[PDB]
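Structural features, examined
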Amino acid sequence: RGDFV
Amino acid sequence: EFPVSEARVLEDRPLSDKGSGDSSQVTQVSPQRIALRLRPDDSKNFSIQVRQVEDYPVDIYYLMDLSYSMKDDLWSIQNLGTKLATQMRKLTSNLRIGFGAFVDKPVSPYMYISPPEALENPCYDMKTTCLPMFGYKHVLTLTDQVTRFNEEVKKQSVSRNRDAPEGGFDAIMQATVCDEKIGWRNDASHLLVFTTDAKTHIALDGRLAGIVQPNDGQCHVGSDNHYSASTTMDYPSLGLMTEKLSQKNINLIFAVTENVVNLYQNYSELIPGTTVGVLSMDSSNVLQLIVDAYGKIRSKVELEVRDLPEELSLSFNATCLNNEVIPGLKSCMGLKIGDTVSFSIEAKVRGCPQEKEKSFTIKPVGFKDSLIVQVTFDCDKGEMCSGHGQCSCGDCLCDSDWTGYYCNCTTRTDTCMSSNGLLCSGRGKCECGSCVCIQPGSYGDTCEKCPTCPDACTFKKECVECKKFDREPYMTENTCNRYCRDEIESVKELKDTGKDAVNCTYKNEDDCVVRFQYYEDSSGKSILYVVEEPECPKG
Amino acid sequence: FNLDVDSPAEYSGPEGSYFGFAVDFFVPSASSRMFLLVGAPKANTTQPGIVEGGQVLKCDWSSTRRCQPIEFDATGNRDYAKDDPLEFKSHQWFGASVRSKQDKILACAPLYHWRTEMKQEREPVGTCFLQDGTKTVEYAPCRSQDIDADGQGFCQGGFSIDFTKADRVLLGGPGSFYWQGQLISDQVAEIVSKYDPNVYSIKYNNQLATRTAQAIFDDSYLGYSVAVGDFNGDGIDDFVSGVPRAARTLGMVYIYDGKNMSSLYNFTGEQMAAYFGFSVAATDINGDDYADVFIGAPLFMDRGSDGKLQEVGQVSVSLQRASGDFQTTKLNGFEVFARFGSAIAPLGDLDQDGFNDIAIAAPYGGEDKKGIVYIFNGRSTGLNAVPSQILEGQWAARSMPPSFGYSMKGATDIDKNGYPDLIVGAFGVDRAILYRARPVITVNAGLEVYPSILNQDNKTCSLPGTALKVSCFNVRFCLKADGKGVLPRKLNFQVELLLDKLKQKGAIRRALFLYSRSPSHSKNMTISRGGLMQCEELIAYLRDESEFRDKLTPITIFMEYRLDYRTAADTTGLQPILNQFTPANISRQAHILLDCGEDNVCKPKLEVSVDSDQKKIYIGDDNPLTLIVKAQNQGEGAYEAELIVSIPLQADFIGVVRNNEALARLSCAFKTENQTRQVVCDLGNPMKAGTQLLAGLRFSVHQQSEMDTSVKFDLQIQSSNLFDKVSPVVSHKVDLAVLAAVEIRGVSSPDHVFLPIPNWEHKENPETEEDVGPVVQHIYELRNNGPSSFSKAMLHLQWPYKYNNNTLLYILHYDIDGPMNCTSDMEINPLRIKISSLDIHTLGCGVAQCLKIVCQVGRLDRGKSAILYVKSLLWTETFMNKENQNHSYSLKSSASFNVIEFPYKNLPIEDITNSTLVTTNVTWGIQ
Ligand SMILES: *[C@@H]1O[C@H](CO)[C@@H](O[C@@H]2O[C@H](CO)[C@@H](O)[C@H](O)[C@H]2NC(C)=O)[C@H](O)[C@H]1NC(C)=O
Ligand SMILES: *[C@@H]1O[C@H](CO)[C@@H](O[C@@H]2O[C@H](CO)[C@@H](O)[C@H](O)[C@H]2NC(C)=O)[C@H](O)[C@H]1NC(C)=O
Ligand SMILES: *[C@@H]1O[C@H](CO)[C@@H](O[C@@H]2O[C@H](CO)[C@@H](O)[C@H](O)[C@H]2NC(C)=O)[C@H](O)[C@H]1NC(C)=O
Ligand SMILES: *[C@@H]1O[C@H](CO)[C@@H](O[C@@H]2O[C@H](CO)[C@@H](O)[C@H](O)[C@H]2NC(C)=O)[C@H](O)[C@H]1NC(C)=O
Ligand SMILES: *[C@@H]1O[C@H](CO)[C@@H](O[C@H]2O[C@H](CO)[C@@H](O)[C@H](O)[C@H]2NC(C)=O)[C@H](O)[C@H]1NC(C)=O
Ligand SMILES: *[C@@H]1O[C@H](CO)[C@@H](O[C@H]2O[C@H](CO)[C@@H](O)[C@H](O)[C@H]2NC(C)=O)[C@H](O)[C@H]1NC(C)=O
Ligand SMILES: *[C@@H]1O[C@H](CO)[C@@H](O[C@H]2O[C@H](CO)[C@@H](O)[C@H](O)[C@H]2NC(C)=O)[C@H](O)[C@H]1NC(C)=O
Ligand SMILES: *[C@@H]1O[C@H](CO)[C@@H](O)[C@H](O)[C@H]1NC(C)=O
Ligand SMILES: *[C@@H]1O[C@H](CO)[C@@H](O)[C@H](O)[C@H]1NC(C)=O
Ligand SMILES: *[C@@H]1O[C@H](CO)[C@@H](O)[C@H](O)[C@H]1NC(C)=O
Ligand SMILES: *[C@@H]1O[C@H](CO)[C@@H](O)[C@H](O)[C@H]1NC(C)=O
Ligand SMILES: [Mn+2]
Ligand SMILES: [Mn+2]
Ligand SMILES: [Mn+2]
Ligand SMILES: [Mn+2]
Ligand SMILES: [Mn+2]
Ligand SMILES: [Mn+2]
Ligand SMILES: [Mn+2]
Ligand SMILES: [Mn+2]
């Protein structure tokens, strides 16, 4: 969520 | 009794597929400069030819999303130096490559707001020591050495921020308006590959960050090779990008990962002339989209006017396929590099205004070459002419881009264009911005719909009997190339597996039953497989 | 349509402080006077160690124009430990949002950061402050135990705010969760009553809030914009908010309940990256007492004339209908990069016409991107799409665009005059402009001359210079004016009369004024009440017949007039204006007596005639229609003759003809003025006797639905003659006809199969398509083209099922497209054969077992079709290569259709029928 999952 | 001239003041001539201009000064538009002189309410028809010159030099700037998520898609990015070069060699003698990277606005919400002051060197609240985020850094100007490129590209690593969207539009912009820094050769085919992991920040998004000033489409990338106004000015809008992208004659390519493709496809529908390429298998580069893209980018020729005075309106007729001449159009698609085309413009004033040079260009998008036209004019209670709709007086004098008696008819043909990009799905004519289907049992806005139209195994048939047999109508018309592109290939006596396609069957004039198969993988790739060795009458 | 633009209240602020980034009206209950509130984030404050904390300033419209800040915090950062601050107020953007109800005013610092109560952080949770004269509490609904960028860590609540009618606050915060967004409404007194300076995370009782949602909803930015009105059946206010990044950058505008905080309605952008929702605003624009939604997409791209995309901006005006749903329209900008829908600010009823107004702003518009404010007006039908006035920025640049119009508020009359004002704010220069609404007077003209028909040889009055008896006529010009608000009592005018104006520079001014032989006499005047109509009159003569010629060309008297300034209120002197659509002139005309004779009065005999050229018009499209008129005058000269053509609601006027020789080119001019659409044609002013005309009138009717058997026109000639003034009224009707060109197209997928048949095996008891054979498909389409629609038809399909007890082309299953239900007289797919796994030639139902399929159809309008999709399998038992000559077959199926019912009752109709066949030929390929 975001700059990742 | 009214001298309305149009003397062609310039005439370099189309270079014959001469990629390298050895003191030959490459030109791709024949009439280089004409000069109109106009009587009030007069027109003068003229023409222009444009050529997709062979071996045209290419520049390729790579804008890479270096945020923590691309981590899985890197290293083999050695490819770039090597993989661009090779797969592009077969199209150019001169190829300069360069690249830059971006992350996001190093600020307030996006950036890793100093939680522990020990985090101006990110992803430490997990640990991988990914270096600080930057916005947009220009690492390597367009050069010749692919090995020098092969390396500096391996030195790059992932940084990290918190927002899913990453901006980078900010990069696309600076990459475009910083011609000096980037080294854009005004004579080569300019490319800009945008490789990203996910979403993106569009304009206005930066209000959260407290940024309320619009992108000035200016270059703000100095000595330290970093976009300085990054933190002081919003992301650029689709319009400004579009504009600057087209002025600096640059082509945006969207080499993005699968999960996020349709997004950049939808985004490309708004920045016309932009292509999307999938970059997923492992991840560092795949199938050299660039090649297939550059090919695609150069598939059509579209004329674009620049600086045309209000008074004179331009009408077009574009002869694309062998002197066929298609009226009311100014773009030809299906072209292969090397083909030549011609459109006939017809400028025309409506009661000549006041004198001045009033020069203006007409040029194919993506090219430096342009036909400049210097204009000049020889002019030295209730009007019932109406009925409304742009109709002026004396007796109806329609404005630019409006024909017809009542002036209700448009010169526009954009609203007639299909998903594939062909005028009315290739089944009807555009009539006042609206298709009127040359009904083989069809209908629909752009005559796209036709459920009763014969099986595809009838359209493709003519191709196999042309491309693989040299003997059918499509050949008998000399139009079995730009008109029958696809990609035929003599299958090895056996039929394919991909059960999501159809397999056809027919009898050629030689009374033998030929067997083929239409298929479409990922770039919508059209591919036919003809059973090498058709069943024939034995004896 | 009118607000002074000569002397608006100009207020300024410190350089680099964005003075004017958010504006408002502060109207205290305990005070006679009101003020302007100007948010100015970036503005430095006396707060200990805080840089650019911001500050709302209270401005005095006392024509003093001094603005001094309003004390909200004053303190600086609190601590969690020693040198480990709890909050960081420096650069918090306090004042970015400003809202005032009565005495209480909410303000916020959307960029306020906070170190969580746990680890060393710095999260932009955002905070607000609610003042009430002296009492001041801090409202920070996002500062909670629920942290990080998963909870409300980056909420920035306060980014947008608003008060509901019954004191409750709608607050928005974009960064909640993962930039999904959030709306949190808390009632006021709760926010005040529960304030406890010792709790950093206060729990409010009746708090409404929008919880976290599914991951795919991240970065949607709900709460970028906030507006509020009644959308549910009834009650108070409901929450309306723009989500600019919803539906993958398309944008959306969510509407919630003011009670449950549940979802009411949704709106979606049409184009990506356009920012549908950057600005929202609800208002009742059409006096029906229903809120109307207005969304803003300042980056929308419409197609210019040349059809090339243009970023000009677009506002979506959704009119709330009775049923609960809406009726939306669009409205694009005028200049590119102007950012049209940037700020949509509702005004009162800027002209007190009884309908609401609003102003959209393109802050980066105009010359030098100074910015433009466009004010539109409300009407019964909805919102009038044409900018009734345009406010234009008038400030330099100095660093960045003035962004004039980036913020604005209007809905309160900051002064005397009963008209709402407006405050536009330009933070690029650090200013805010108060524009006062001007008083609108609607004035009525009056002009009538005593003798209308002047008499050459009639001596009635004594000429001034020499006592002679010249042809006398008198002319009076009354004038009533009516105001609304502050202005009345002293109405000074400047009326002017012109005699025989058809005479340009030629100076054949046939009529002249008495006491001053001239055709140009002017006068001054006054009045006051809205019913009080002071009057005046003059004496004009007709110079001796011996000094001019005419043969009658009406002597037209022209009355124009004007108002003056120095007619309004003390403060700056705010002069009024005539209503928008008020003509300043009125003409009346005299006709010299001529050819009327001994009977003495022209008594004309008018007669209107018309023909049945093209006796019918089919239901659907725009049918071209021409009326062949014949206006005659068999009596005397009819003055101001004019044909009045009454057209229905279905019809429309194109023009006359001109493309003919026998038809005349009348001076016709369409005019629905009164609740009557009319054509009106100059039949020649003094339409002389025995004048016979014949012209054509072009119309185009669509329909009024079943609306009886015919549409009709009413014809009648009129004139300003005292006697036999008109012609009879002649009605002309035309019959509505029915025409539905329906047709049945059919096709076969493999329209030919070669029997050698690639690798196949004969199964004892088959169980799959591969085991059976190839897939022959038949597509049948019934499509209505004819203009007229049909409501019920019948489709019949005959299928080649078996030949001598042997299957051939076995139907598996069929699908339908459009309004049709179907039925097979035999069970389809009797062996449950499911998809995938590990007579010489023609075979019609005439020579074969028939699998019939009957279809019920109903209503295919204009250009709609209906399609049957039959999917079968060649049995491959079309296989007797052992004897005779099996070799070739033509498996034929066929479908028919019979249209049997139209929506038009009492209209003549004939049944529509036709059929078609579709063949699939199986032949022994090589044999
Ligand atoms: C508020 O005051 C600050 C400084 O007191 C102004 O800006 C600061 O000034 C320094 C010194 O020139 C500059 O480096 C920066 O502009 C600011 N300092 C820092 C650390 O950021 C600021 O312009 C004033 N704001 C207004 C609206 O007047
Ligand atoms: C308006 O749109 C939103 C988002 O598309 C809808 O909300 C979602 O509704 C589904 C169905 O219950 C939930 O699973 C999601 O959690 C909701 N997401 C959000 C962000 O609200 C909403 O239903 C729509 N409202 C209307 C009236 O159609
Ligand atoms: C008086 O005559 C007319 C008013 O009826 C004015 O002329 C134009 O009238 C049309 C009516 O549709 C308007 O659209 C124009 O805008 C009017 N002209 C102007 C300049 O406003 C005329 O101006 C009036 N006054 C005089 C002195 O003739
Ligand atoms: C199917 O075969 C039949 C004939 O077997 C074709 O129908 C017509 O057949 C007659 C008989 O020779 C011809 O004269 C006509 O020209 C044929 N019609 C057409 C349109 O060609 C029919 O063509 C074949 N249809 C398909 C789909 O294969
Ligand atoms: C505006 O353009 C339209 C283009 O369709 C024309 O209208 C036509 O519409 C009718 C449809 O039944 C045709 O039958 C007519 O030939 C034509 N209308 C007329 C008056 O000729 C036309 O050029 C313009 N529309 C109008 C009302 O004139
Ligand atoms: C026609 O049927 C399908 C069309 O998609 C193809 O069949 C091939 O692929 C299928 C799916 O994997 C396999 O089940 C078939 O065995 C395979 N055919 C062969 C010869 O390998 C192909 O285009 C055509 N197949 C045949 C048998 O004609
Ligand atoms: C059925 O189809 C069309 C009308 O839509 C007409 O069919 C005939 O029209 C042409 C012959 O002049 C050809 O297009 C067709 O082959 C021909 N077919 C037949 C059977 O006549 C015909 O008028 C229509 N019939 C009805 C009752 O609507
Ligand atoms: C892209 O646009 C098309 C519709 O034109 C459709 O696939 C979908 O709505 C969009 N998908 C995404 C991911 O934006
Ligand atoms: C387009 O059609 C042909 C193309 O040469 C020619 O008439 C001219 O260029 C255009 N039409 C007109 C009427 O000028
Ligand atoms: C609120 O309660 C539920 C939740 O949405 C719903 O059934 C009802 O219609 C809503 N409105 C009212 C007035 O209760
Ligand atoms: C006599 O004089 C006027 C002159 O125009 C004439 O029209 C009318 O018949 C008479 N006037 C009056 C007031 O009766
Ligand atoms: Mn990322
Ligand atoms: Mn990834
Ligand atoms: Mn980011
Ligand atoms: Mn309500
Ligand atoms: Mn309403
Ligand atoms: Mn109003
Ligand atoms: Mn006022
Ligand atoms: Mn008489």
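What about the UniProt feature "binding site: Mg(2+)" in chain B?
Residue and element names in this part refer to chain B. Taken from the UniProt record, the annotation "binding site: Mg(2+)" applies to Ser67, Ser69 and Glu166. With the annotated positions falling across 100 residues, the maximum pairwise C-alpha distance of 10.7 Å places them together in a single cluster. With respect to the helices and strands, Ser67 occurs in the loop between β4 (58-65) and α1 (79-89). The exposure class of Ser67 is buried, given its relative accessible area of 0%.

A few points about the UniProt feature "binding site: Ca(2+) 2" in chain B
This chain's UniProt record puts "binding site: Ca(2+) 2" on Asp104, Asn161, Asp163, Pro165, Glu166 and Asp197 of chain B. Of the residues just listed, which span 94 residues, no C-alpha pair is farther apart than 13.3 Å, and they cluster in one region. By secondary structure assignment, the location of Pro165 of chain B is in the loop between α2 (146-155) and α3 (169-177). The residues touching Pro165 of chain B, leaving out its near neighbours within four places in the chain, are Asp104, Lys199, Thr200 and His201 of chain B together with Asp219 and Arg245 of chain C. Inspection of the secondary structure assignment puts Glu166 of chain B in the loop between α2 and α3. Look at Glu166 of chain B and you get buried, because its relative accessible area is 2%. The residues touching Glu166 of chain B, leaving out its near neighbours within four places in the chain, are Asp3 of chain A together with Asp65, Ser67, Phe102, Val103, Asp104, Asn161, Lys199, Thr200 and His201 of chain B. Among the polar contacts listed, one links the side chain of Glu166 of chain B to the side chain of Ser67 of chain B, at a separation of 3.0 Å.

Observations concerning the state of the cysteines
Residue and element names in this part refer to chain B. Counting across every chain of the model gives 25 disulfides over all chains. Residue pairing for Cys424: its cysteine sulfur links by disulfide to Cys435, the two sulfurs lying 2.0 Å apart. Of note, the bridge from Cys424 to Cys435 carries an S-S torsion of about -90° and is left-handed in sense. Here the residue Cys424 occupies a position in the loop between β18 (409-410) and β19 (428-430), and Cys435 occupies one in strand β20 (residues 435-437), the gap between them amounting to 11 residues.

A closer look at the coordination of the manganese ion (ligand 18)
The coordination sphere of the manganese ion (ligand 18), as far as protein atoms go, consists of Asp413 of chain C (OD), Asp415 of chain C (OD), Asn417 of chain C (OD1), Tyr419 of chain C (O) and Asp421 of chain C (OD), spread over 2.3 to 2.7 Å. The sequence pattern describing where the donors of the manganese ion (ligand 18) fall on their chain is D-x1-D-x1-N-x1-Y-x1-D.

Regarding the domain arrangement of chain C
Looking at chain C, the domain boundaries give domain 1 (1-438), domain 2 (439-599), domain 3 (600-739) and domain 4 (740-927). Here domain 2 of chain C and domain 4 of chain C have C-alpha centroids that lie 83 Å from each other.

As for the domain arrangement of chain B
Residue and element names in this part refer to chain B. By domain assignment, chain B separates into domain 1 (1-54 + 299-380), domain 2 (55-298), domain 3 (381-453) and domain 4 (454-539). The partner domain 2 presents 13 residues to the 18 residues of domain 1 that form the contact. Between domain 1 and domain 2 lies a buried interface of about 1,300 Å² when both sides are counted; carbon and sulfur atoms form 42% of it. In terms of surface lost to domain 2, no three residues of domain 1 exceed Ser299, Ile337 and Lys368, which account for 34% of the buried area on that side. In this structure, the connection of domain 1 to domain 2 is made through 0 salt bridges. Our count for the contact surface shared by domain 1 and domain 2 stands at 10 residue pairs in polar contact. The class makeup of the residues in the side of domain 1 that touches domain 2 is 5 nonpolar, 6 polar and 7 charged.

Focus: the site of ligand 2
Residues and elements named next belong to chain C. Taken together, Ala213, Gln214, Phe217, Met252, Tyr254, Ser263, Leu264 and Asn266 form the complete shell of residues around ligand 2. Between ligand 2 and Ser263 there is a distance of 3.2 Å, counted from a nitrogen atom to a side-chain nitrogen or oxygen. Residue assignment for the shell around ligand 2 shows that the elements contributing at least two residues are β20 (252-256) and β21 (263-265). In terms of residue class, the shell around ligand 2 is made up of 5 nonpolar, 3 polar and no charged.

Section: the site of ligand 4
Residues and elements named next belong to chain C. The environment of ligand 4 is made up of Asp751, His841, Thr919 and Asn921. Here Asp751 contributes a backbone N or O atom positioned 2.8 Å from an oxygen atom of ligand 4. Take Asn921: an N or O atom from its side chain is 2.3 Å from an oxygen atom of ligand 4. About the coverage of ligand 4: the protein hides 31% of its 570 Å² of free accessible area. Classifying every residue of the shell around ligand 4 by side-chain character gives no nonpolar, 3 polar and 1 charged.

Overview of the packing of α1 of chain B against helix α7 (residues 289-297) of chain B
Residues and elements named next belong to chain B. Following both chains from N to C, one finds α1 and α7 inclined at 45°, their axes separated by 9 Å at the closest point. With respect to each other, α1 and α7 are oriented oblique. The residues of α7 that touch α1, namely those facing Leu84, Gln87 and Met88, are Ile290, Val291 and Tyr294. Along the lines of polarity and charge, the residues of the contact of α1 with α7 split into 5 nonpolar, 1 polar and no charged.

Let's talk about the nonpolar core
By size, the foremost hydrophobic cluster in this structure holds 76 residues, and its most contacted members are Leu697 and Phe699 of chain C. The element contributing the most residues to this core is strand β60 (residues 792-803) of chain C, with 5 residues. Both domain 3 (600-739) and domain 4 (740-927) of chain C contribute no fewer than three residues apiece to this core. Leave out the neighbours within four places in its chain, and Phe699 of chain C touches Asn623, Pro624, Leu625, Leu627, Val645, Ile647, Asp652, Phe653, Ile654, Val679 and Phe713 of chain C. Core analysis: the second largest hydrophobic core is formed by 69 residues, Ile202 and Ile211 of chain B together with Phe337 and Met400 of chain C among them.

Section: the sheet that holds strand β8 (residues 250-256) of chain B
Residue and element names in this part refer to chain B. Strand order in the open sheet made by the 6 strands is β6-β5-β4-β7-β8-β9, with mixed pairing throughout. Every other strand in the sheet has two partners, leaving β6 (136-143) and β9 (275-278) as the edge strands with one partner each. Taken pair by pair, the neighbouring strands of this sheet meet at an average axis angle of 20°, ignoring direction. Of the pairings in the sheet, the one linking strand β5 (residues 95-102) to β6 comprises 5 bridges and is antiparallel in character. By the bridge assignment, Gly100 is partnered in β6 with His138. Each of β7 (189-195), β8 and β9 is contacted by helix α6 (residues 261-268), which is oriented at about 170° to β9, the strand it contacts most. This element, α7, spans β4, β7, β8 and β9 of the sheet and lies at about 160° to β9.

Scoring rules and cut-offs
Residues numbered from 1 in each chain as written, not as in the entry; some residues may be left out. Chains lettered and ligands numbered in written order. Heavy atoms only, no water. UniProt positions renumbered as here; feature names shortened; annotations may be inferred. Helix = DSSP H or I, 4+ residues; strand = E, 2+ residues; numbered from the N terminus. Buried < 20%, exposed > 50% of the residue type's maximum accessible area, 1.4 Å probe, protein only. Contact = heavy atoms within 4.5 Å. Polar contact = N/O pair within 3.5 Å; in protein donor to acceptor, adjacent residues only side chain to side chain. Disulfide = S-S within 2.5 Å. Donors = N, O, S within 2.8 Å, 3.2 Å for Na, K, Ca; no water. Domains from an automatic or database assignment. Buried area = accessible area lost by both parts, 1.4 Å probe. Salt bridge = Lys/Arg side-chain N within 4 Å of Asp/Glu carboxyl O. Nonpolar A, V, L, I, M, F, W, Y, C, P; charged D, E, K, R; others polar. Near = heavy atom within 4 Å. Areas by Shrake-Rupley, 256 points an atom, 1.4 Å probe, with all protein chains shown as cover. Axes fitted to C-alpha atoms, helices over the stretch in contact; angles between N-to-C directions. Parallel < 35°, antiparallel > 145°, perpendicular 65-115°, else oblique. Core = buried A, V, L, I, M, F, W, Y, C linked by side-chain atoms within 4.5 Å. Pairing = 2+ DSSP bridges.

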